[PDB]
Structures are given as structure tokens and as C-alpha cells.
Amino acid sequence: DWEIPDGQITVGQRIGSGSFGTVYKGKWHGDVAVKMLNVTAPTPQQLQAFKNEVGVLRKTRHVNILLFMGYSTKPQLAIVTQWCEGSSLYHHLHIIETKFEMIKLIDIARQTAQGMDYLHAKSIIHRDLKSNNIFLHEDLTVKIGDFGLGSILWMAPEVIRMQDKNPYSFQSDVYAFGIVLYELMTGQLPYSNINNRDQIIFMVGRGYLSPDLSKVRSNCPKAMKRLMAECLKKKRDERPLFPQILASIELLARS
Amino acid sequence: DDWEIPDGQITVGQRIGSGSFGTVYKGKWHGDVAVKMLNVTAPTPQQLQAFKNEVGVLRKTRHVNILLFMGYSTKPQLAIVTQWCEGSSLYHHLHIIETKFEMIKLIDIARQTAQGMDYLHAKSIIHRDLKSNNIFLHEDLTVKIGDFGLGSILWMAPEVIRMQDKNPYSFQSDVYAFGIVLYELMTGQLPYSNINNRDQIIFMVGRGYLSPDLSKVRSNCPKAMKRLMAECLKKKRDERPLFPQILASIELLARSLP
Ligand SMILES: N#Cc1c(Oc2ccc(F)c(NC(=O)Nc3cccc(C(F)(F)F)c3)c2)ccc2nc(NC(=O)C3CC3)sc12
Ligand SMILES: N#Cc1c(Oc2ccc(F)c(NC(=O)Nc3cccc(C(F)(F)F)c3)c2)ccc2nc(NC(=O)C3CC3)sc12
Numbered sequence: 448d449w450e451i452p453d454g455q456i457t458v459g460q461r462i463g464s465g466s467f468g469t470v471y472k473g474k475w476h477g478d479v480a481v482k483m484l485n486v487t488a489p490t491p492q493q494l495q496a497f498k499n500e501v502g503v504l505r506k507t508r509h510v511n512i513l514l515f516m517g518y519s520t521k522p523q524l525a526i527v528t529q530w531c532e533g534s535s536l537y538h539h540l541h542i543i544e545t546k547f548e549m550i551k552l553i554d555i556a557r558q559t560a561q562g563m564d565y566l567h568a569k570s571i572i573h574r575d576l577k578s579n580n581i582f583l584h585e586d587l588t589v590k591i592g593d594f595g596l614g615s616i617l618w619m620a621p622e623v624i625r626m627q628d629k630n631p632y633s634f635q636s637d638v639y640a641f642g643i644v645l646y647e648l649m650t651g652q653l654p655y656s657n658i659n660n661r662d663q664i665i666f667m668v669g670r671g672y673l674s675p676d677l678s679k680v681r682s683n684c685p686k687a688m689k690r691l692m693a694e695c696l697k698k699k700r701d702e703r704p705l706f707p708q709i710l711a712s713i714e715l716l717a718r719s
Numbered sequence: 447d448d449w450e451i452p453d454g455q456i457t458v459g460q461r462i463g464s465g466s467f468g469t470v471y472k473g474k475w476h477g478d479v480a481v482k483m484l485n486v487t488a489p490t491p492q493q494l495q496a497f498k499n500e501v502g503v504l505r506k507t508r509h510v511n512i513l514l515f516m517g518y519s520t521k522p523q524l525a526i527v528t529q530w531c532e533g534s535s536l537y538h539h540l541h542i543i544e545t546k547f548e549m550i551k552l553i554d555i556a557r558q559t560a561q562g563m564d565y566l567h568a569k570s571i572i573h574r575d576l577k578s579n580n581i582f583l584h585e586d587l588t589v590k591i592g593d594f595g596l614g615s616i617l618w619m620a621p622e623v624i625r626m627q628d629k630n631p632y633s634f635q636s637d638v639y640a641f642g643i644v645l646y647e648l649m650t651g652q653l654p655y656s657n658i659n660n661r662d663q664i665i666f667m668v669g670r671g672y673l674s675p676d677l678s679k680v681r682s683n684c685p686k687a688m689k690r691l692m693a694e695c696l697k698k699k700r701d702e703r704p705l706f707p708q709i710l711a712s713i714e715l716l717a718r719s720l721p
């Protein structure tokens with residue numbers, strides 16, 4: 448059991464509202480992050496969406512995943528995780544424009560791949576891997592979570625198109641990671657020279673548009689570009705699963 | 447939930463420490479991990495039981511200041527997997543390589559150690575064996591309380624030494640061990656450094672003739688901290704404060720220095 452008895456959680460300052468509920472910095476045995484629905488009465492579809500997020504988070508125990516600590520039913524539906532420190536990768540790369548050395552860019556890539564490999568082993572498709580959902584905790588450990596405060617740049621073509629009810633795959637996560645690798649090695653978002661959204665969508669969908677890999681920094685290894693392209697392949701089952709990605713990196717890493 | 451790990455997944459690598467209880471290795475399971483194994487083939491009822499008790503405890507913990515339990519494995523050999531800490535144990539820092547942390551940092555380490563203990567006690571878990579070695583200073587920044595043993616006398620409270628009941632262990636018994644760690648932090652030494660005989664230490668602490676020497680604390684150790692130590696080291700269980708109160712005391716203390 449991971450219920451947290453009513454009365455123990457202190458909710459602090461508001462951080463933002465996602466699709467689910469609202470995230471606050473709180474205090475429960477130290478600094479913790481609390482995501483809660485701000486409603487009097489939750490509908491059975493929300494009651495369920497909560498149970499699934501909790502069902503998923505309780506299955507995780509890994510240094511590179513947001514540490515889930517517990518939930519609360521009364522007074523509000525609420526999920527407590529660890530309170531991260533620093534800022535997201537999205538922030539680092541495109542807002543404050545941190546200038547990481549390549550050795551760290553690679554190490555970040557590795558830790559991200561590490562968490563993703565773990566989730567996939569546990570049969571969890573993330574469905575929204577992107578730099579903003581990646582926190583650089585204490586500026587050195589990667590923590591994958593859901594931090595949304614929609615996100616098409618990380619979507620694979622088959623996802624874009626949406627032929628199926630469900631198009632999500634281990635492979636769809638891999639593509640997203642391939643875009644995250646783009647962000648790392650370019651320091652930039654993709655398709656920066658196109659100002660129209662629907663076109664970006666159409667084209668990526670139709671395989672007319674793909675990330676401009678020449679834009680990567682020059683000290684970026686040739687194995688790492690090669691890996692980048694493999695995760696970005698427009699055809700699903702040509703993309704490698706994470707065990708192979710993790711190996712590819714570890715190889716070049718020790719050289 | 448089911449935290450069993452499938453067979454042939456874990457790669458036990460270099461050995462890290464032996465001991466007649468079991469063995470700990472650096473390993474590979476979704477990155478770097480620590481792997482405590484039992485190093486016989488056929489485990490006894492007493493070994494199997496004690497294994498289920500350690501898992502039983504660990505899986506009830508989820509907190510930054512607690513060593514992250516990741517999974518267990520029965521086939522082929524019994525094994526427990528935790529996160530791999532990069533860094534050194536706090537004992538190792540203070541007594542082996544003698545790291546000199548600045549005072550604000552020492553207090554932080556105490557704040558976290560207390561933070562995680564508060565957690566455990568609020569989850570009705572008594573460590574029984576808190577000490578500098580069982581505290582890892584992960585990545586030189588976060589504290590991780592674990593149990594790296596395979614008694615440890617300097618941290619036992621008088622009533623624990625006198626073997627009053629079968630269970631002299633208490634939240635307070637743990638608080639006394641914490642007080643000894645604070646002493647390690649603020650002096651950088653183990654207590655009773657001028658005594659070389661173990662029976663005498665036991666006998667004396669048991670009888671109340673020997674208290675840790677608080678004159679030895681660093682000159683810049685605050686008065687409030689020094690008080691808190693003596694409060695934690697009280698010879699009588701009941702006069703020892705519990706961790707909510709401790710943490711609170713530390714946190715008031717903390718804001719009055721950069
Ligand atoms: N926002 C936020 C946030 C955050 O988001 C949450 C909070 C609670 C949740 F349940 C969740 N929930 C999840 O992550 N759920 C989830 C769902 C599906 C899959 C996964 C998983 F594990 F696969 F990633 C997680 C997220 C957690 C920590 C945190 N720290 C921050 N620090 C700062 O803002 C500044 C440095 C001072 S912000 C922040
Ligand atoms: N030794 C070791 C070790 C370690 O000990 C373990 C391993 C597995 C366990 F199950 C356990 N078991 C427990 O922690 N059990 C336990 C039992 C009761 C209560 C508690 C708790 F969580 F309350 F503290 C834990 C311990 C874990 C990580 C680790 N990392 C190290 N890194 C280095 O030394 C490198 C130089 C940088 S060493 C190391």
C-alpha cells in the first residue's frame with residue numbers, strides 16, 4: 448500500500464497545470480512535488496486516469512525515472528513524487544541556452560536511453576518523450592517524467625498520420641528519443657526555418673521532411689550521428705530498440 | 447506489485463565486499479547496480495526468511511535519502527538489487543580518507559540523514575544499526591541510508624548494550640546512533656578514541672560511566688547543534704527527542720548562517 452493519510456501533505460506554491468491536474472511544490476518528509484486534481488467531485492473517467500498514472504508510476508524503481516513516493520485520495524486526488532532541482536533539458540537547451548561539453552551531452556543521452564530501456568522492459572510506452580519531460584536533476588542525473596505545463617516535433621510519421629486508433633509503439637518512443645538526440649547535438653529545435661505548423665505536420669507525416677543532421681556540432685562523433693539517423697528512420701521496424709541503442713552508445717562512450 | 451527480476455538479466459561484476467552473511471557486487475541491470483547475493487547453493491530456512499524480511503522492508507521505502515531498492519531474484523541464487531552509489535560512505539570520508547567538509551555542508555548531511563530517518567520511523571521501520579558506514583554520500587551531494595553489513616558498538620545506546628528485553632530497540636535507540644553520527648560529523652572522529660579495549664567500552668557505556676566528549680567538536684560548530692547532540696545522546700531513552708523534533712531543530716538552526 449502507498450496511500451498517504453490525509454493531513455500530512457502541505458501544498459506550497461503553484462508550479463503549473465498540465466492536461467491531468469495541477470502541480471505544486473509541496474512538503475512531505477522534505478521537499479516533494481504534488482500533482483493533484485483541483486476538483487470537488489471527480490468523474491469516473493478522471494478517477495480511472497488517476498489509477499493508471501499511479502498504476503504506472505508504482506511499477507518504476509530506477510535512478511533515471513521520477514521517483515514516485517505515494518498518493519492521496521482525501522481530500523483531493525493527488526500524486527507525490529520527488530522534488531527535482533535545477534531545470535528541464537528543454538529549458539537548458541533552448542531557453543537559458545546552456546553550453547554543455549560533448550562528454551556530458553553524450554552522458555545525458557546515455558542516461559535517457561537508460562530510463563527508456565527500463566520502461567520498455569516493464570512494458571511501458573511513454574507516448575511523449577521530449578526534452579521538456581526530461582529533468583537534469585542537481586545538474587547531473589537524468590529523470591524522465593511527465594512535466595507538461614501539443615508536442616509534434618517528437619512525433620514519428622506513423623504517429624503523425626494516425627492511421628490506427630493506437631499507433632504508439634516501443635518504436636514510436638525511439639523516434640522521439642532520436643529527436644531528443646537532435647536537440648542535444650544541435651542545441652536547437654528541428655525544422656527551425658519553417659514557420660507553419662500544419663505543413664510541418666503534413667510533411668513529416670508524408671516523409672517529405674526529416675531532421676537536418678548536418679546541423680550537429682562538429683566534435684559530435686560519427687557513431688553518434690549514425691545512431692541518430694537509425695532512431696529517426698521513417699519506417700518503424702527499421703528503428704532499433706533500446707537495448708541496441710544503449711549498447712551503441714556505451715561502445716563509443718568508453719572511447 | 448511483483449519486483450522479481452528474470453533470470454540471466456543481471457551481470458555480477460567486480461566484488462565490493464565479503465562477509466559471512468552474503469556478498470555485494472557491482473553489476474549491470476539497466477545501468478549500474480549493486481547486487482547483494484547469498485553465497486551458498488542451498489539456503490536454510492533462517493536465510494530464506496531473513497531475505498524475505500529485507501525485501502519486505504526495502505519495498506516499503508521510496509525516498510531520496512533512502513537507498514533505492516530496485517528488485518530481487520531467487521533463481522538461481524538469492525539476490526537483492528539496489529542503485530549503485532558513486533562516491534564514498536560517510537565513514538570512509540571521515541575516517542579513511544579524512545575529507546574536510548565545510549561546516550554548512552556537515553549540517554546539511556545531518557539534515558538529510560535526519561530527513562530519511564524521519565521517513566523510516568513514520569513508516570514504522572527501525573534501522574537498528576545506523577552508523578557512518580551505512581550512510582553513503584551519493585555523488586558527493588545526496589545522502590542515502592542503507593545497510594551495508596555482513614554488533615557495531617560505538618553507536619549502541621546504553622539500554623541496548625544492557626540487553627534489557629529481547630527488544631530494547633526503539634525510535635530513541637536509533638536517535639542515539641544518530642547522535643553518535645553527529646559526533647562523527649562535528650569532530651571527524653569516532654568516540655572513545657583514547658580507549659583500546661572493547662569490553663571496557665561496553666561495560667562503561669552500559670553502566671553510564673562513559674559519554675562522548677563534546678569538547679572535541681569543531682570550534683565553529685554552532686551552540687544549537689552542540690545542544691541537539693547532547694539531547695540525542697541522553698543516557699535515558701525517554702529524554703531523547705524523536706526525528707520530527709530533531710529535523711525541526713536543525714532547520715531553524717540552518718537559516719541563521721549562509
Ligand atoms: N511539473 C513538474 C514537476 C514534477 O512533476 C510531476 C509531479 C508529480 C507527478 F505525479 C508527476 N507525474 C508523472 O511524471 N507521471 C508519469 C506518467 C506517465 C509516465 C511517467 C514516466 F515514469 F514514464 F515518466 C510518469 C509529475 C515533479 C518534480 C518537479 N520538480 C521541479 N523543479 C522545479 O520546478 C524548479 C527547480 C526548482 S518541477 C517538477
Ligand atoms: N556495500 C555496498 C553497497 C550497497 O549495498 C547494498 C546492496 C544491496 C542491498 F540489498 C543492500 N541492502 C540494504 O540496504 N538493506 C537494508 C536493510 C535494512 C534497512 C535498510 C534501509 F533501507 F532502511 F537502510 C536497508 C545494500 C549498495 C550500493 C553501493 N554502491 C557502492 N559504490 C561504491 O562503493 C563506489 C566507490 C563509488 S558500494 C554499495
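Top line first, the protein sequences correspond to chains B and A.
Positions 448 to 596, 614 to 719 (the entry's author numbering) are the ones given, in order, by the first sequence.
Positions 447 to 596, 614 to 721 (the entry's author numbering) are the ones given, in order, by the second sequence.
All C-beta atoms in this analysis are idealised placements derived from N, C-alpha and C, irrespective of residue type, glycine included.
- Rounded to the nearest angstrom, the gap between the Cα atoms of B:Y537 and B:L653 is 9 Å.
- Secondary structure note for B:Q460: it is in no alpha helix (DSSP H), and the uninterrupted beta strand (DSSP E) holding it is 457-464.
- For A:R508, the nearest CB of chain B lies under 7 Å from its own CB, placing it at the interface with that chain.
- Between A:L587 and chain B, the shortest Cβ-Cβ separation is below 7 Å.
- Here B:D637 is near B:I572, since their CB atoms are less than 7 Å apart.
- For B:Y565, the chain A residues whose C-beta falls within less than 7 Å of its own C-beta are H476, listed in chain order.
- Across the set A:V503, A:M649, A:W449, the C-alpha of A:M649 shows the shortest separation from the C-alpha of A:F547.
- Proximity of A:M516 to chain B, defined by a Cβ-Cβ separation below 7 Å, is satisfied.
- The C-beta of B:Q663 comes no closer than 7 Å to any C-beta of chain A.
- A residue is called buried once 16 or more other Cβ atoms fall within 10 Å of its Cβ, and B:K686, having fewer, is exposed.
- In chain order, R505, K506 make up the part of chain B whose C-beta sits under 8 Å from the C-beta of A:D447.
- Proximity of chain B to A:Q460 at the Cβ level (cut-off 9 Å) is not reached, the minimal Cβ distance being about 16 Å.
- Fewer than three Cβ pairs drawn from the region 563-570 of chain A and the region 689-698 of chain A lie within less than 8 Å of each other, which leaves the two stretches out of contact.
- Around the beta carbon of B:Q558, 16 or more other beta carbons sit within 10 angstroms, so the residue counts as buried.
- Contact of B:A525 with chain A by beta-carbon distance below 8 Å is absent, the smallest such distance being about 15 Å.
- Using a C-beta cut-off of 8 Å, the region 493-501 of chain A makes no contact with the region 505-512 of chain B, since fewer than three inter-stretch Cβ pairs fall below that distance.
- Nearest Cα to B:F641 within the set B:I665, B:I543, B:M626, B:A556: B:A556.
- Ligand 2 has no heavy atom closer than 6 Å to the beta-carbon of A:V501.
- Beta bridge pairing from DSSP links A:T469 with A:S464, A:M483.
- In terms of Cα proximity to B:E714, the closest of B:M688, B:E694, B:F594 is B:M688.
- When the five nearest sequence neighbours on each side are left out, the beta carbons in the same chain lying within less than 6 Å of the beta carbon of A:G517 are those of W449, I451, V527, in order along the chain.
- Set against 6 Å, the gap from the CB of A:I526 to the closest heavy atom of ligand 2 is smaller.
- When Cβ pairs closer than 8 Å are counted between the two stretches, the region 520-534 of chain B is seen not to touch the region 620-629 of chain B, the count staying below three.
- Three or more Cβ pairs closer than 8 Å define a contact, and the region 625-634 of chain A falls short of that threshold against the region 576-589 of chain A.
- The closest heavy atom of ligand 1 lies less than 6 Å from the beta carbon of B:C531.
- The beta strand (DSSP E) runs of length 3 or more contained entirely in the region 508-577 of chain B are, from start to end of the chain, 515-519, 525-529, 533-535.
- At a cut-off of 7 Å between beta carbons, B:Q627 makes no contact with chain A.
- Chain B has no Cβ within less than 7 Å of the Cβ of A:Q492.
- Annotated as distal: B:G473 and B:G454, with beta-carbon spacing of 7 Å or more.
- In this model, A:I616 and A:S674 are separated by some 13 Å (Cα to Cα).
- Look at A:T650 here: in three-state DSSP terms it is helix.
- The Cβ atoms of B:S682 and B:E647 do not sit closer than 7 Å to each other.
- Against chain B, a Cβ distance below 9 Å from A:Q561 picks out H476, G477.
- DSSP lists B:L583 as the bridge partner or partners of B:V589.
- Chain order gives no chain B residues near A:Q708, where near means a beta carbon separation below 7 Å; the closest approach is about 15 Å.
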